[PDB]
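In the form deposited without the named molecule, a lone chain appears below as structure tokens.
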């Protein structure tokens, strides 16, 4: 459902099971983003001398996931441009008005929650994430099938898409704990580099799953012209790959060829390394924190993400 009330219920239930788990190990996706907020909140709260999470920490986890979920809802809206007739019909058929209103309300409820936490630094940080998301998503169609994309441009795109919200959420959790600016910056870098690692791994998985399904991989990133880390690395070595993409896989079975050129090029292995390198930056970001079950879980999130392609 597109429901704020359902979202908040599921986040509180997921956070309860996570909290109770972490209590049992003391000193030993809709869930990732609130979990990261909760873990960073707990680690930094203990450093600041707080005896429990503040109301600001608890609402932050709901604010972040509401932004994430509203983003998906709005990104999913159909492009009706060009139709001379029957737009009201296609919007009825796909529930466009409901998606727009649900996304609008969820964004607004999130921003209203955040404003009422009264930390202007966090409001600035999160507002910027939303602007960059919307602006980035407007330009995304114009970058499909463009082999002139660089690796730095891909990482920036993945930042605005994914990593920026996660980095803003871990910095904000530290800000609400009142730890030093230096520690808030490190939590920001944890979130940013975990987010990039997470996105590169998701891009690797989309490719390697694509290359094993039995039908034509028609809905893969590569097929739609969304060129990710394995492909970009491959394009450095594969002149026929580039020509094939520029053709939008016009020729019968060219998509299959493109996929095998990518697997050929070792760019998958170089994408592995890139995701591993961002992960190790994320882990290094946590060492300003003392040993705790919360730091060990934040470190393990990186390793468990990387094991997804191991």
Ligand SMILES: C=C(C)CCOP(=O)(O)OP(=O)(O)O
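Positions refer to the first chain, counted from 1. For the two forms, the rigid core is made up of the largest set of C-alpha atoms that agree within 1.5 Å on superposition.
Coordinates are lacking for 10 or more deposited residues between residue 28 and residue 29. If you average the C-alpha B-factors over 212-220 and over 75-83, the higher value belongs to 212-220. Once the C-alpha B-factors are averaged per stretch, 58-66 and 276-284 rank with 276-284 first. In the deposited coordinates, the residue among 167, 141, 182, 99 with the greatest CA B-factor is 141. The deposited CA B-factor of residue 203 belongs to the middle third of values across its chain.
Residue 35: CA B factor in the lowest third of modelled residues in this chain (values from the PDB entry).
Sorting the modelled residues of the chain by their CA temperature factor places residue 269 in the highest third. Ranked by Cα temperature factor within the chain, residue 263 sits in the highest third according to the deposited record.
Placement of the Cα temperature factor of residue 147 within the chain: highest third of the modelled residues, per the deposited record.
The following text describes the form deposited with the named molecule bound, which does not appear among the structures shown.
The pocket of the unliganded chain is judged blocked, since the named molecule, transferred from its pose in the deposited bound form by superposition of the C-alphas around the site, places three or more atoms within 2.4 angstroms of backbone or C-beta atoms. Put simply, of 164, 186, 199, 193 only one has a heavy atom within 4.5 Å of the named molecule in the deposited bound form, and it is 199. Screening 233-241, 174-182, 146-154, 77-85 for residues having heavy atoms within 4.5 Å of the named molecule in the deposited bound form returns a single hit, 77-85. The named molecule is not shown here, and in the deposited bound form it never comes within 4.5 Å of any heavy atom of residue 28. Although the partner is absent here, residue 91 is not a contact residue: none of its heavy atoms lies within 4.5 angstroms of the named molecule in the deposited bound form. The closest heavy atom approach of residue 307 to the named molecule in the deposited bound form falls outside 4.5 Å. The shortest heavy atom separation between residue 98 and the named molecule in the deposited bound form exceeds 4.5 Å. Remark: none of the three candidate residues (8, 57 and 59) comes within 4.5 Å of the named molecule in the deposited bound form, counting heavy atoms only. Using a 4.5 Å cut-off on any heavy atom, the residues of 33-68 that reach the named molecule in the deposited bound form are, in sequence order, 33, 68. Superposing the two forms on their core leaves just one of 181, 240, 209, 128 with a Cα displacement of at least 2 Å between the shown form and the other one, namely 209. Put the two forms on the same core and the Cα of residue 161 is off by less than 2 Å between the shown form and the other one. Shown in the overlay between the shown form and the other one, fitted on the rigid core, is a CA shift at residue 147 smaller than 2 Å. Once you line up the core between the shown form and the other one, the Cα of residue 296 stays within less than 2 Å of where it was. Annotation for the pair residue 38/residue 13: C-alpha atoms approach each other in the deposited bound form, by 3 Å or more compared with this form.
Whereas the displayed form keeps them at a certain spacing, the CA atoms of residue 183 and residue 21 lie at least 3 angstroms farther apart in the deposited bound form.
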